[PDB]
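Note that ligands are numbered from 1 as they come in the structure, with each ligand's atoms numbered from 1 the same way. Basis for what follows: all heavy atoms, side chains included, without hydrogens, waters or symmetry-related copies. Along the sequence shown, the residues carry numbers beginning at 1.
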Amino acid sequence: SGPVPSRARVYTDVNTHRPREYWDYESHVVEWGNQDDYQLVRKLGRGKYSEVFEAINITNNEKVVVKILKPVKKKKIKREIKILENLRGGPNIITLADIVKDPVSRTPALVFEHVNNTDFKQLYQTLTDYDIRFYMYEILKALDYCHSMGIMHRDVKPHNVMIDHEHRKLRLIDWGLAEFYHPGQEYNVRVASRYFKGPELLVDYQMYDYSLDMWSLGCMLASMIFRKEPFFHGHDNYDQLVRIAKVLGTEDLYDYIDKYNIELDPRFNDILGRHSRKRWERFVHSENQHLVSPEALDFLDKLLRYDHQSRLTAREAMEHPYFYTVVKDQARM
Ligand SMILES: Brc1cc2nn[nH]c2cc1Br
């Protein structure tokens with residue numbers, strides 16, 4: 001018999017109550033502008049995949065970022081555009097300024113509000129205790145907003161968080177894997193980067209939701225408070241679940257498998273073995289102990305659960321004692 005169905009605990013039906021045009025991105029008609037309104041200044045280091053440039057808007061001499069959409073289904077292009085349009089003006093969501101095509105090549109490009117080219121990965125192994133809490137709270141604002149708007153990011157990782165540390169400003173970027181949540185929809189599990197993949201992706205449970213992003217967030221938090229990059233260091237997608245099992249233990253993993261009647265790929269049979277759930281003190285040492293608190297560990301524990309339904313929602317996360325001083329100080333300013 002099949003896997004047991006699953007539903008998001010929050011924001012379950014938000015897209016159903018919207019007009020069809022909100023989430024039906026395949027039918028979205030794009031008015032493509034002219035990339036000649038923009039002059040490329042330089043290529044921003046975003047990996048081997050990426051074609052992201054600093055550019056100038058001629059009209060007003062404003063600095064922008066241009067992302068040339070490397071050849072991919074028009075469907076995926078429409079999806080990223082519709083999601084950016086839907087979330088525009090949301091807290092800590094990157095602003096889509098324009099949608100253009102090179103007149104010669106006809107290659108589609110996205111034009112964004114300028115951000116400094118400093119991703120969170122360059123900074124997140126050097127933060128104070130307070131700044132980890134502050135920036136985690138800022139990421140949660142973006143995730144609670146996109147979840148509340150019926151969208152899961154599905155690629156939450158340090159490289160997709162742009163920070164202006166001087167101005168204490170943060171933007172969640174690269175909405176290219178983001179998808180609308182629809183109750184009962186089975187999604188592609190080939191999303192997110194290896195180290196940030198939730199167990200649902202690794203065991204091929206397709207009826208997942210916003211809670212995927214909360215696992216990724218847990219992986220970033222663990223990396224920051226323990227100064228361990230990445231926290232779950234798998235050699236591949238199979239070994240990734242072994243690395244998780246060695247920390248969260250195998251008892252809760254098999255309970256999860258049983259609960260959702262998941263058919264476990266037989267390759268897992270010999271490699272998962274038997275592991276106790278490890279106490280977090282195991283990862284604490286002299287060079288990270290100033291970042292680790294009971295509050296931090298209680299919060300982290302409630303993000304990193306096999307059972308996606310069990311994980312804190314973004315809003316529940318924002319209400320955790322870990323953030324009380326950040327909440328207090330925000331209200332004060
Ligand atoms: Br920098 C930058 C990189 C991005 N990748 N995907 N969207 C993006 C927006 C900005 Br701004």
Expected list for residues 261-275: side-chain donor-acceptor pairs under 3.5 angstrom, two or more places apart:
from: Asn261; atom 1: ND2; to: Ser1; atom 2: O; distance (Å): 3.1
from: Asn261; atom 1: ND2; to: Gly2; atom 2: O; distance (Å): 2.9
from: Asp265; atom 1: OD1; to: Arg267; atom 2: N; distance (Å): 3.0
from: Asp265; atom 1: OD2; to: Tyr238; atom 2: OH; distance (Å): 3.1
from: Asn269; atom 1: ND2; to: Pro266; atom 2: O; distance (Å): 3.0
from: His275; atom 1: NE2; to: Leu272; atom 2: O; distance (Å): 3.0

Establish, for the pair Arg154 and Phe196, whether the NZ or CZ atom is under 6.0 angstrom from the six-membered ring centre and no further than 45 degrees off its axis.
no
Closest contact, heavy atoms only, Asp155 versus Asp213
N-OD1, 4.4 Å
Under the side-chain hydrogen bond (donor to acceptor under 3.5 Å, both in side chains) definition, can you give me all pairs with a residue in residues 106-128, not counting sequence neighbours?
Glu54-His114, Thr95-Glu113, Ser105-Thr107, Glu113-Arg171, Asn116-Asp164, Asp119-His159, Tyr124-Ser223, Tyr124-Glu229, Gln125-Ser223
Give the table of side-chain donor-acceptor pairs shorter than 3.5 Å for residues 27-41, with sequence neighbours excluded, one pair per line with atom names and distance.
from: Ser27; atom 1: OG; to: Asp24; atom 2: OD2; distance (Å): 3.1
from: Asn34; atom 1: OD1; to: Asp36; atom 2: N; distance (Å): 2.9
from: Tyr38; atom 1: OH; to: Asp98; atom 2: OD2; distance (Å): 2.6

Please tabulate, line by line, the atom pairs linking an N/O of ligand 1 to a protein N/O at a distance below 3.5 Å, with the distance in Å to 0.1, or answer 'none'.
from: ligand 1; atom 1: 6 (N); to: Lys67; atom 2: NZ; distance (Å): 2.8
from: ligand 1; atom 1: 6 (N); to: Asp174; atom 2: N; distance (Å): 3.3
from: ligand 1; atom 1: 7 (N); to: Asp174; atom 2: N; distance (Å): 3.3

Output the distance between atom OG (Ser211) and atom CZ (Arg305), rounded to the nearest 0.5 Å.
12.5 Å
